[PDB]
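Shown next, in structure tokens, is the structure this report addresses.
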Amino acid sequence: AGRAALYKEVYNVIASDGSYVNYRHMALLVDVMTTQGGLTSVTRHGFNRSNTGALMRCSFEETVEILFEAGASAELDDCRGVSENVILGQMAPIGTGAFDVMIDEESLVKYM
Amino acid sequence: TXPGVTXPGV
Amino acid sequence: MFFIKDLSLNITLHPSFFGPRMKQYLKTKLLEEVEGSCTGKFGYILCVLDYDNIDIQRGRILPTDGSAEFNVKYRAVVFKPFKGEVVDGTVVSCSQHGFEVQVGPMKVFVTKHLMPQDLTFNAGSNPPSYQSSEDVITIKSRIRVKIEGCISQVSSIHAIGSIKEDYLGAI
Amino acid sequence: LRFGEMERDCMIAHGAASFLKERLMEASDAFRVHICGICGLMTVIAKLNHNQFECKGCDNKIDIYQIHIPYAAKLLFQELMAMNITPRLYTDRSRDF
Amino acid sequence: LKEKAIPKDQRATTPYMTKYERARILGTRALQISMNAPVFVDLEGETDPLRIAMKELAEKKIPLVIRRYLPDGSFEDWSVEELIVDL
Amino acid sequence: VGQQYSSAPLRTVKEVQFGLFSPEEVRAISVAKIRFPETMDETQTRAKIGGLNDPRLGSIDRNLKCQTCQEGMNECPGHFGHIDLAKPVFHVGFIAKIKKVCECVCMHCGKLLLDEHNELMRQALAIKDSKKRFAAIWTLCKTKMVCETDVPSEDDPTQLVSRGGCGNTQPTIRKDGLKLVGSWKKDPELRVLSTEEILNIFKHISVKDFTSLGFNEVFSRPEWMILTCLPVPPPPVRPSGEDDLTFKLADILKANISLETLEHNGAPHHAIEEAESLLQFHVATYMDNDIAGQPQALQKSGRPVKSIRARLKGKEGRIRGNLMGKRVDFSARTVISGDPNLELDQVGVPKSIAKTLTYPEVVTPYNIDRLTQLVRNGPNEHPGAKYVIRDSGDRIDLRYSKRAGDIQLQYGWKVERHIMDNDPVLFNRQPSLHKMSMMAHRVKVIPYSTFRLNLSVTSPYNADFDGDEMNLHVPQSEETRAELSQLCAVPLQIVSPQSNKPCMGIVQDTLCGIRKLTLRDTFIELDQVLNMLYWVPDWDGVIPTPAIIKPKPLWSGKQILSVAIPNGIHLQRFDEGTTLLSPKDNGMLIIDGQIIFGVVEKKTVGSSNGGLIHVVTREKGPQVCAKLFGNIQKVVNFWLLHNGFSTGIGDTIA
Amino acid sequence: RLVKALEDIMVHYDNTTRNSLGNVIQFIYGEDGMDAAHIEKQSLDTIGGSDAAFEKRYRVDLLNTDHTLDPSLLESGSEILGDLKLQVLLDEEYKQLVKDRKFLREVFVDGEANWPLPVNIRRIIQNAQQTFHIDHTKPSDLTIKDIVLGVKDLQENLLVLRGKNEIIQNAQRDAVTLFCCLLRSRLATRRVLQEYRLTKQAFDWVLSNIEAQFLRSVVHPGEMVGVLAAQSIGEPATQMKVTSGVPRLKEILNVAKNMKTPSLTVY
Amino acid sequence: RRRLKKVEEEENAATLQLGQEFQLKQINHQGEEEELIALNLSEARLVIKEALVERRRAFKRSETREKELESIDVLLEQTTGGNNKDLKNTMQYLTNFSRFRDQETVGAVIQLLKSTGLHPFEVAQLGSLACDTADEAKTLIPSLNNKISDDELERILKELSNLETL
Amino acid sequence: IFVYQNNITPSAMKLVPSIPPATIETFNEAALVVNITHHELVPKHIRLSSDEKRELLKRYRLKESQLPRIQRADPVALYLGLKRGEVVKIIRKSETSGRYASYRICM
DNA sequence: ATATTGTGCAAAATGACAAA
RNA sequence: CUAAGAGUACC
DNA sequence: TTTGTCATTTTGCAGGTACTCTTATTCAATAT
Ligand SMILES: [Mg+2]
Ligand SMILES: [Zn+2]
Ligand SMILES: [Zn+2]
Ligand SMILES: [Zn+2]
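Note that the protein sequences, when read in sequence, are chains B, R, Z, X, V, A, L, Y and C. Quick note: the first sequence uses PDB author numbering, first residue 1343, plus one each step. For reference, each letter of the second sequence is one residue, going 1 to 5, 7 to 11 in PDB author numbering. Quick note: the third sequence uses PDB author numbering, first residue 1, plus one each step. Quick note: the fourth sequence uses PDB author numbering, first residue 1128, plus one each step. Quick note: the fifth sequence uses PDB author numbering, first residue 69, plus one each step. For reference, each letter of the sixth sequence is one residue, going 2 to 188, 197 to 249, 258 to 671 in PDB author numbering. For reference, each letter of the seventh sequence is one residue, going 840 to 1079, 1093 to 1119 in PDB author numbering. For reference, each letter of the eighth sequence is one residue, going 12 to 73, 117 to 220 in PDB author numbering. Quick note: the ninth sequence uses PDB author numbering, first residue 109, plus one each step.
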């Protein structure tokens, strides 16, 4: 019910001035905010306090404190986030990167 | 707040 | 000693090489690269078993490069010397410090400090050898050596052998 | 021109991961750095012409990898190291997803 | 890696090629054509690597497979031949 | 030349493991021990051995190689040194954490206060994540002020079970400045907790105890939070006029030498304590100059010292200023101007910008001829080539190389040439709030100093021509080029996911002209009809029968506009009060690409759901919709040019 | 802030919406698995109107005469009357339509009929009418069994989730229920034979294009829906008794215990 | 584990610490676990000969010591190319110190040692070391000390020397 | 289930966890005057069995933490007597699709 | 004669009081 | 160079 | 004795790009 009320509030904000946004965008926002069992602020004391990877947490707010805490707790960053691969300069697992392209020897022979 | 208009808090 | 072990090698193929003979190119490049090589992790890699169908798998294209990375998994015969391992060989050369014995594909240097005092270097005899009061060690002679120390050298694994222990020498 | 954060976000929305990588690495800063698979630190002496790679401390010479990272990433990692924090970069998964 | 690979008979993902998959296949094939890969389709005189790859995809002569990664690390191998380019 | 070939295997970073440097790891990785605060020797022309700019850490001059790796400044990553601290100092970022950890651990025996015997301690230790475990352990063990050598028995609170406790009194620990003060309960007695004793008690924490505090046995042990060796970053981190970090490291070395001399020569404890506090302060301000309460470390010029934390944090720090967002090559920026004659997916690029921005085309047997011609043209005219990249990495500049004669191109080389027509280019207007504000266009090289784009596409960009500047990015690989053309293309962005309706539409002069042209009064004579028909590029070539044949052949505006509308499009919108007859000519009925009735206005050709743009892009495809944009704009702009529209003061007069 | 919060949300190949940790945000994207660009506003005709209008629009009786159909509407109009098997098919079709009416009234309390749904059935009907040149006077070639079975098979053919277990099949049915309600509202026996007057090939072509367009509207795995949603929320805010606009958006994103205008609504 | 720098016991064959990657059981390329089979000089020589003749046949389709040396030299030059100085040396070593001749002898040896059921390293070392006295072999291989009885090792060496051909 | 008028003394709260597997749930009457599951903002909550939870984790390839979380203090969780690790199916009347099924794991 | 040093707020936390 | 400051352009 | 429970104190800064210009490097007493 909190998620439903949150969606209604966000929809009222967007649709107060006559604008229209598709349901899925606001639904994704409110589902992200309520996926932890409570209302997670888009502020640093909510979404950045999630163990989602030190590197992508530091890019938002309190960068150096996040690095220090990660070093103290010896956190493992599995490089699944977009910001991690951005920082490391490699193809993110997004869009064109959400899969691997591989060469088939049998198909290559089969064509000729 | 914010900043601006941290938080609150921090 | 001789074992057969599971190994994997990553091979990078240029895009120009994906002709209908890609399997043959990969098999060719696996040879001439790992056949008869020397690594510290597995010793000497001499030959590859089951060449008829080497597991080449699919092969992943490197992003923004175009080359393909194949993880070829193969069975390779290896000869890894071990500490305190008795192995036969044949002598190939002698010197003041000791003599070298051909064990498999490698040379093991047994030092004159590791030979009994009666077994003494002799340069008057041609070729120079090591002669004792009861037996003589000459070039191209069979002898067992016990390796007790292997220093990890990637270019060529070097091992320290001895014949000091009981029943170590010519059979 | 500054390829800012929210331009990167627009490219992420477009799903063009390779274009984003090309913008961040080939266009701006591409740096090949050598690390070792024992410790993820970049403390790997790489005499490329002599083909000698050596990480002192780990005392390894045959467990060295090269990674393409931005020079800003290398500078950040080295500043973290100067600040007594170890950003060990590993090229394999120790935990399943 | 055997457990990782979902068997072909029980792939539960869409048989249609995504826009991202099509873009990456076209880019990969165009880059390979630019670096002198063999061409499996007859050329009508065109020289652009991108449209060469487009012609190759039109009659399904691209010898690539998509390794679609499930979130758990499992993957499905979909050959470009059996994928449907609807868009 | 970039970076030469390295035999090391090329991988990608799968995992990043964090932690703290053990002092022995710092000593093992460091290639030099820094002892002299001076950066340059007495000759004032070389870097002093053992100074903060040791050649072993990296060459400060392009002329000489790094003494450790024997590589140039381009290759040398920079190798760390180490300063051997005379007395341990607190790491400024971990002091609070240290204050927590020492408040969880007995200050004498080095064991955690509340073991598993306490009731809430099974709950605290059963927490999965490290941070929450540490928070719970701390918020329960901070209130316990005695080591409790004997605890109540788990079976029953009748007999007492003895654990490995010593029974000493745990003090109350607060932080003053950069140090910790402990007040032992009066058997209060206040004294400063020395860093040496805190390090000793952190080294005595059992593996099980500090692994329950979130610390890792291999990567982050609590005693590594106390600095006994400082890693000196290489000169690349602090390039030269010395850097702020170089001066801070010199200050740390000076304080270290002072403390060493004071301890060696013997001194009152006051001087020793003052020197220790100075060394601690210099280390802390080197790592964090924004410590709350304490005065900042002022640089030589009276300004605050740029700490490492300052270098990282903020908008302009490393993360947000050089990693998340960075300055990129192959980008242009200039003023935008309108062009009704350009296609929706087309953008006008000035000829000079095209001459500057270059794309590398791989030398292939298919395009050897045109690449050879572009290399012949050179960089001084468009089209042309600016560079030739050899397979060895060597680069031939077309300038200064015309003396040597024609360059024989080889397959596999790259011709870095001026961007030509129909090249996909990313086109942006900042701030660029949404994804439609950054779209892929086709180059059209034009001879004037402004970018030229279609009027419709200005709506998603939120761009006017009142001095607005826009940005152009050139993809440098076939993969980026292809995914840009197949994912970010302007026709593919016509329908916005934001409101599941088109984002581009007919705007400005074209909208008013289309309203004026589709009025029932608008009748077009044969000559103007022929001109308007010819302006539609995909016109089938058959002249429509006039709406009126006698006494004079006249075509209505709807009849000529319907030529642009693709065949097979049905649209039926009923405005307020409209009927199947349209007395007011409102609403809209289009049957098979012919406008049966309705004045074409914003609700039909604008960015609206159910309008002509949405229907055409959903029925015939994005390319046909973009072609519709172009054709409608061309015909309506021609008709409005030859009809005229104005506005005046008399329009405001009732 | 919004972009940073949602930057790692992505649609995966099992159609679940997950972040970088692999946590499931939505088990199917947008609760329907459809790309936003392939959504158009369409009218659900079962929810609106009256009971009499609903019966007249949908109910067909082969035995009585109150809701009978003109035998000239279709070819075998004189042989179907009095039939029992086809009557059973009509009975289940109308029962399904009544169930859909009740379901749609339950979902939307205000009875709003125009909602964004993926595939525009009206445009497909109009294109088929124009492509096959319906003369609207000749009796229809369709058989009622063809209409009912074709609608059922088309519903079975609308696949969002391709799994082969009970959980995935149930999720697929839940994901396509609203579109299926729209499809049954549009492609009903009375409407197909009387209002639209399809032919056999026209009806089959309509079914094929509905299937193709629905399969084309499905969200593509790899879509970065988090960033899309963040931008689609932030950008309208740039155009912006109870607080609204930017202050209320910040009070919503910054979850603040005390807000400017706390109002409570009692019915 | 991923310990920064490695601490481990020094490898020693006498203490049966052959290495973490020389354990009794290894995961094959099929994903399951199989015992690490160790090949003595004769069995390894036959395995190498089988692999080489198979490679020679694939390339085509796509005993006295001196004659064996000539044959192995010709075959090595045929199926393989350069960078086989180590391979030539080890093939010559196997040809010289070949304890058994053909498939029958080595097959009988391997099945008899399978009935023996001892460590693969130890059984292959025994097949490589043509020892005479059983206590002599116990002294030669400390991994056999206090593991196998004196008389049984003596007798199995007797059958091995009975199967010893040329 | 213990239903009380005003409050439970904290000296009595500590002994609420009795010998397992018995679980004692305390509810205030004031909080139970109005049923919360009949609100239209409240969707349908159905407790999953262990077999159903296993099937759900197998089919979606999920770990425990990857499921959406529901607190073990949420009024609906207290209402249905959720225990940690138990998954509730949520039936929601969505507007893009008529019916949407979510799954929330107790924490 | 030149270098060297003298404007908009809720989290946390934390001592000085009551409940047992 | 670098740092700082000021004044602008379009949002 | 604790064991939470209620009144003082302790933090941490401001969107996106982009242009130009101007000023400035601790001042001065003192030993070598
Ligand atoms: Mg403007
Ligand atoms: Zn290392
Ligand atoms: Zn160097
Ligand atoms: Zn103690």
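Even for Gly, the Cβ is constructed at its ideal location relative to N, Cα and C.
Alpha carbon to alpha carbon, what distance is there between residue j and residue i?
i              : j          : result
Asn1009(L)     : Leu165(C)  : 15 angstroms
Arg92(V)       : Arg1025(L) : 39 angstroms
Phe228(A)      : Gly183(A)  : 29 angstroms
residue 257(A) : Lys323(A)  : Here chain A is numbered 249 followed immediately by 258, so the structure offers no position for residue 257(A).
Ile864(L)      : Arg1012(L) : 20 angstroms
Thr1113(L)     : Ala844(L)  : 26 angstroms
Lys80(Z)       : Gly149(Z)  : 13 angstroms
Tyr1192(X)     : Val1058(L) : 38 angstroms
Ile1006(L)     : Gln994(L)  : 18 angstroms
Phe143(V)      : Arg209(Y)  : 56 angstroms
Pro519(A)      : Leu472(A)  : 15 angstroms
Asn488(A)      : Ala272(A)  : 51 angstroms
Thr144(Y)      : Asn138(Y)  : 10 angstroms
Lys619(A)      : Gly522(A)  : 9 angstroms
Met437(A)      : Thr133(Y)  : 53 angstroms
Do residue j and residue i have their beta-carbon atoms positioned less than 8 angstroms apart in this structure?
i         : j         : result
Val177(Y) : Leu167(Y) : yes
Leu180(Y) : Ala191(Y) : yes
Across which residues does DSSP place residue i in a beta bridge pair?
i         : result
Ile74(V)  : DSSP lists no partner for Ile74(V).
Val182(A) : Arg175(A), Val201(A)
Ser229(A) : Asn225(A)
Closer than 9 angstroms between beta carbons: that is the criterion. Which residues of the segment 926 to 944 of chain L meet it against chain X?
none
According to a CB-to-CB cut-off of less than 7 angstroms, which residues of the segment 213 to 240 of chain A neighbour chain Y?
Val227
Got a sec: which bits of the segment 195 to 214 of chain C sit with their beta carbon under 8 angstroms from any beta carbon on chain L, in order along the chain?
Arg200, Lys201, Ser202, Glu203, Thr204, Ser205, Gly206, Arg207, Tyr208, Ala209, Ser210, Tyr211
Just the residues with CB closer than 6 angstroms to a heavy atom of ligand 4, in chain order, which are they?
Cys107(A), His109(A), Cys110(A), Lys112(A), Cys148(A), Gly166(A), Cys167(A), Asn169(A)
Cβ-based contacts, 9 angstroms cut-off: residues of the segment 1210 to 1224 of chain X near chain A
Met1210, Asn1211, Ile1212, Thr1213, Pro1214, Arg1215, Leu1216, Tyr1217, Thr1218, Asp1219, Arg1220, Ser1221, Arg1222
In chain order, what residues have a CB nearer than 6 angstroms to some heavy atom of ligand 1?
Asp481(A), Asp483(A), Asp485(A)
Of the residues that make up the segment 338 to 359 of chain A, which ones have a beta carbon closer than 8 angstroms to any beta carbon in chain B?
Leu340, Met341
Please name the residues in the segment 1421 to 1433 of chain B whose beta-carbon is closer than 9 angstroms to at least one beta-carbon of chain X, in chain order.
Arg1422, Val1424, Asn1427, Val1428, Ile1429, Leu1430, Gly1431, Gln1432, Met1433
Under 6 angstroms, CB to nearest heavy atom of ligand 3: contacting residues:
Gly59(A), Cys67(A), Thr69(A), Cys70(A), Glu72(A), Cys77(A), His80(A)
Please list the residues of the segment 370 to 403 of chain A that have a C-beta atom closer than 7 angstroms to any C-beta atom in chain V, keeping them in chain order.
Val379, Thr381, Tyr383, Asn384
Beta carbon shell of ligand 2 at less than 5 angstroms from a heavy atom
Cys1163(X), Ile1165(X), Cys1166(X), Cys1182(X), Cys1185(X)
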